[PDB]
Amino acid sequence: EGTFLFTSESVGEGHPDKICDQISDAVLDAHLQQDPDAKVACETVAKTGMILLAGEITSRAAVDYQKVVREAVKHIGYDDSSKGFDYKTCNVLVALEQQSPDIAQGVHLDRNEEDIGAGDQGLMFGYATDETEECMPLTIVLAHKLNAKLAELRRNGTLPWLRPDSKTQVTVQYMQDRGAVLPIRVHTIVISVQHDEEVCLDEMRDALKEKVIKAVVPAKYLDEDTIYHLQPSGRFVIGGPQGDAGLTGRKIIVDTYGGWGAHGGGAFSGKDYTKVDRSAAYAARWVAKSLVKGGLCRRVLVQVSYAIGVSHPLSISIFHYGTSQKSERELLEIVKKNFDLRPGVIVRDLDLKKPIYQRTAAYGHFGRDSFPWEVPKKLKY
């Protein structure tokens, strides 16, 4: 009574959509290393034997797209035709043009940096929950950690039959406490991972339970009733882009809160800070985490929105789920007194010209590695 199930998923570095996010952000980083003011909107498409870059870049950088793309694919682990994809021998196609001059003139040309317009309209949410130290939903944290564990055991040669493409999914039973949520138990785990032609299904299922799940999920959450769907398709030899076409910005819920909170639809990867889809979403996470770590609420949702060419947000909204003694109006006044959510100020506060974006493009953008948006602001009120 008063309990509910909630499910989140994550994917591995070799999931074809995630390959595209990582390549898009490798391209962004390569530009920012030479030109901190590069305007980048780099979409990636992946299918059998092909990486295509499509989009708009205006930059002073001299970037070797062949090297940047192939080094990203090498890092992921696609290094042989036996695995379905090889950085050494794949096709890299480029359909990149300058940023539209109409966008440039409306957003940033002859603008003071602090007063640059939003690079697009849109809406963005931030979310934080006190249910974990990293202020993230346990469902998504566990799902990410299961993919990270697969990559670790592949890379260290423990499970050498593993290939880079994986997906995981975690269902947790929760109770509610005055709008806060408390995780009780893991109800169901799914793991699907690409594998070689030698290993049999029983060996894989045993290894996924004993060397992956048991190495990630605390035993206090697992019981005799927990349901395991391990290699539920029965065979996953074909994988990566050969199994499924990938695109940049097709894992936006994996990238954020795993179904919790809300999403405004904007993808992160391949975009410089003037694209508020990324900078304002990072800032909204920073606000949400600052409110929870500051002790003002246990759980909070922040919405912001923008118009192309306009610096200041068009709307700011705060929902505390009943977990603050302060009114949502009082929290909004604290946020307005402590934060400046113009993209040309967010860039300074969160250091968003730094080429750290490829690091964000797997295992979620939030809840790890003390990125600037994960370091709470000390609030004055």
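From 1 onward, residues are counted along the sequence shown.
Asker: Select between 239-247 and 218-226 the stretch whose C-alpha atoms have the higher average B-factor in the entry.
Answerer: Per the PDB entry, the higher value belongs to 218-226.
Asker: Could you check which stretch, 169-177 or 146-154, carries the larger mean CA temperature factor in the entry?
Answerer: Stretch with the greater average CA B-factor: 169-177.
Asker: Going by the entry, which of 256, 194, 303, 82 has the most elevated CA B factor?
Answerer: Comparing C-alpha B-factors across 256, 194, 303, 82, the top value belongs to 82.
Asker: Identify, among 119, 295, 126, 122, the residue whose C-alpha carries the highest B-factor in the deposited PDB entry.
Answerer: Comparing C-alpha B-factors across 119, 295, 126, 122, the top value belongs to 295.
Asker: Taking the C-alpha B-factors as the PDB entry records them, is residue 10 in the lowest, middle or highest third of its chain?
Answerer: For residue 10, the deposited C-alpha B-factor lands in the lowest third.
Asker: When the modelled residues of the chain are sorted by Cα temperature factor, does residue 299 land in the lowest, middle or highest third?
Answerer: Its C-alpha B-factor belongs to the middle third of this chain's values.
Asker: Using only modelled residues of the chain, where does the Cα B factor of residue 27 rank: lowest third, middle third or highest third?
Answerer: As the PDB entry reports it, the C-alpha B-factor of residue 27 lands in the lowest third of its chain.
Asker: Name the third of the chain's ranked CA B-factors that contains residue 316, choosing lowest, middle or highest.
Answerer: Middle third - that is where residue 316 ends up once the chain's C-alpha B-factors are sorted.
Asker: Is residue 160 in the lowest, middle or highest third of its chain when residues are ranked by C-alpha B-factor?
Answerer: It belongs to the highest third of the chain when residues are ordered by C-alpha B-factor.
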